[PDB]
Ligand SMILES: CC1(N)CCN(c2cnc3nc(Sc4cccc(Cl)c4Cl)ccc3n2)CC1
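So this first bit is one chain, no partners, the form deposited without this ligand, shown in structure tokens.
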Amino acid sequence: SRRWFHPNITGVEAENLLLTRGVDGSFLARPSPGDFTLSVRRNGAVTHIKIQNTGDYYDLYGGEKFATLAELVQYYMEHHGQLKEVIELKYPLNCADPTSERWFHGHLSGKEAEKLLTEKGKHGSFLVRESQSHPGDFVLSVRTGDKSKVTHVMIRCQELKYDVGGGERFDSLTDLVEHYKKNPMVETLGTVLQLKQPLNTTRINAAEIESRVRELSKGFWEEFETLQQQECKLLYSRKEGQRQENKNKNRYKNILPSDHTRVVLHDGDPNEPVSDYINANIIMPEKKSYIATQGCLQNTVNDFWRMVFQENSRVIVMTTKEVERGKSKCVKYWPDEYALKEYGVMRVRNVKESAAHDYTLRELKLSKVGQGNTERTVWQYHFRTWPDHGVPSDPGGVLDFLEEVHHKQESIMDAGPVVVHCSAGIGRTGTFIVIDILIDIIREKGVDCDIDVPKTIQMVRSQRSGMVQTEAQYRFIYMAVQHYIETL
């Protein structure tokens, strides 16, 4: 569903492709960084529209803000009249470059393919690689078994099309793979060459993180975009956030919670027709859980405290300033130090504030009005030194921060999910949560455990779309993990 994204194309090439192989309404998206471009053909000419992402959201110039490029494209394909200089997205110009596909390995020998498929592969595991002997051709290496074997199928490239020696000829490796996934090749002796899953190429041992980081630093961008390519594979709806009564409860109208994991507020005032909504999702790893949410709006402060109370959350992680670059990223939802405030039916006292170098700790006491026995302490950790754009140069501050947060959470019996928020609740929020999840595994298991960064991110994204926004954050996650392991 994401063929419209061309990772390795230039501006001129994009214009060439749209004018010779496309029509009016044809479009494609491409990388510039953290910048992208939406190239669209209209009235026999090509226009380019900048998309910026500094870490919080995808910002379409002359358009709106989105959690993913997929939701951006989907939005405007379904909403004619709103992309303006009027620019229509009608026909995706599909990419035939296989580099971002999980199963593509490029230059790889037959023996090395068998090696990788042996150590990590299972039945139906497969990959596609370049021919060793015949330049331009390719090889489909698939593992089948319980004994088990590996089968190498030759893929010839004749006149810009691909085939396995007979039958249909395909325009791309992707088309060929999808075809023989759906219609499995059968060997003479009857073996079904099922293509069940691509060979995992990202799971590594924790002690080898440093070697992998060096390899990726020589890597990060191609691994990240391979992950980005899978964003459409997640099944989710965002209908509740689209309801009329819920529209102004979203900081960014198109950045919405996934319905299946959203925090549903009960005990609402029956005089409010819709009182069960907040832009927030439960994130469960796959013992500690999280709530990924946006920075409060003036009209959602009361809902925020309803959520914290209901979910029995005892720790809040704030990863933004109230104001950044002159714009409000989060309203002050906590009282001044020593002060007491009522937020709807919720009462909060700011007991004490404590200043550290990278963050401020606020010890808060939350209770329901009229209910003395409901009081509990909520620890708000407010990270203050995250740069306006991009990521910190060094993960030490964040690691120390999360380490403290972790121990506070672990010290409270039966504490609910840790609340994490930034501006839109997907970029910095996603980055903090993924690091915390990965560190959690290492803290318990040491260097003797497998970690898979993009798989973990995908798992989190299945619960809230857009978690982890940029390549800079992706790389920062690796650097943080690498740093934590070394300082054990």
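Residues carry their position along the shown sequence, with the first being 1.
Student: With residue 32 and residue 33 adjacent in the shown sequence, let me know how many deposited residues between them lack coordinates: none, 1 to 3, 4 to 9, or 10 or more.
Tutor: The entry leaves 1 to 3 residues without coordinates here.
Student: How many missing residues of the deposited sequence lie between residue 85 and residue 86 in the entry, grouped as none, 1 to 3, 4 to 9, or 10 or more?
Tutor: Gap between residue 85 and residue 86: 4 to 9 residues without coordinates.
Student: Per the PDB record, is the mean Cα temperature factor higher over 71-79 or over 295-303?
Tutor: Mean CA B-factor is higher for 71-79.
Student: Going by the B-factors listed in the PDB entry, is the mean over the C-alpha atoms higher for 13-21 or for 463-471?
Tutor: Comparing 13-21 with 463-471, the higher average CA B-factor belongs to 13-21.
Student: When the CA B-factors of 118, 350, 319, 310 are compared as recorded in the entry, which is the largest?
Tutor: The listed residue with the largest C-alpha B-factor is 118.
Student: In the PDB entry, which of 98, 241, 344, 167 has its C-alpha at the highest B-factor?
Tutor: Largest recorded C-alpha B-factor: 98.
Student: Looking at the C-alpha B-factor of residue 91, is it in the lowest, middle or highest third of its chain?
Tutor: Ranked within chain, residue 91 CA B lands in the middle tercile.
Student: Consider only the C-alpha atoms of the modelled residues in this chain, order them by B-factor as the entry records it, and name the third containing residue 419: lowest, middle or highest.
Tutor: For residue 419, the deposited C-alpha B-factor lands in the lowest third.
Student: Is residue 430 in the lowest, middle or highest third of its chain when residues are ranked by C-alpha B-factor?
Tutor: Answer is lowest: the recorded C-alpha B-factor places it there.
Student: Lowest, middle or highest third: which one holds residue 138 when the chain's residues are ordered by CA B-factor from the entry?
Tutor: Its C-alpha B-factor, which the entry lists for residue 138, ranks in the highest third among residues of this chain.
Student: Thinking about Cα B factors across the chain, which third does residue 105 belong to?
Tutor: Answer is highest: the recorded C-alpha B-factor places it there.
A second form of this protein, the form solved in complex with this ligand, is not displayed here; the remarks below concern that form.
Student: Backbone and C-beta atoms within 2.4 Å of 3 or more ligand atoms means blocked; with that in mind, superpose this ligand from its pose in the bound PDB entry onto this chain and give open or blocked.
Tutor: Answer open: no ligand atom comes within 2.4 Å of backbone or C-beta.
Student: Just to confirm, with a 4.5 Å cut-off on non-hydrogen atoms, which of 222, 267, 112, 342 contacts this ligand in the bound PDB entry?
Tutor: Among 222, 267, 112, 342, a heavy atom within 4.5 Å of this ligand in the bound PDB entry occurs only for 222.
Student: Exactly one residue in 276, 88, 101, 311 has a non-hydrogen atom within 4.5 Å of this ligand in the bound PDB entry; which is it?
Tutor: Selected option: 101.
Student: Please determine whether residue 227 contacts this ligand in the bound PDB entry, using a 4.5 Å cut-off between heavy atoms.
Tutor: It does: once this ligand is placed as it appears in the bound PDB entry, residue 227 has a heavy atom within 4.5 Å of it.
Student: Would residue 452 sit within 4.5 Å of this ligand in the bound PDB entry, counting heavy atoms only?
Tutor: Yes, residue 452 sits close enough to this ligand in the bound PDB entry that at least one of its heavy atoms falls within 4.5 Å.
Student: Though only this chain appears here, would residue 200 touch this ligand in the bound PDB entry if you measure heavy atom gaps against 4.5 Å?
Tutor: Although this ligand is absent here, residue 200 would touch it in the bound PDB entry, with heavy atoms inside 4.5 Å.
Student: Can any non-hydrogen atom of residue 47 be found within 4.5 angstroms of this ligand in the bound PDB entry?
Tutor: No, residue 47 is distant from the partner.
Student: Which is the contacting stretch out of 227-235, 299-307, 153-161, 182-190, given heavy atoms within 4.5 Å of this ligand in the bound PDB entry?
Tutor: Heavy-atom contact with the partner occurs in 227-235.
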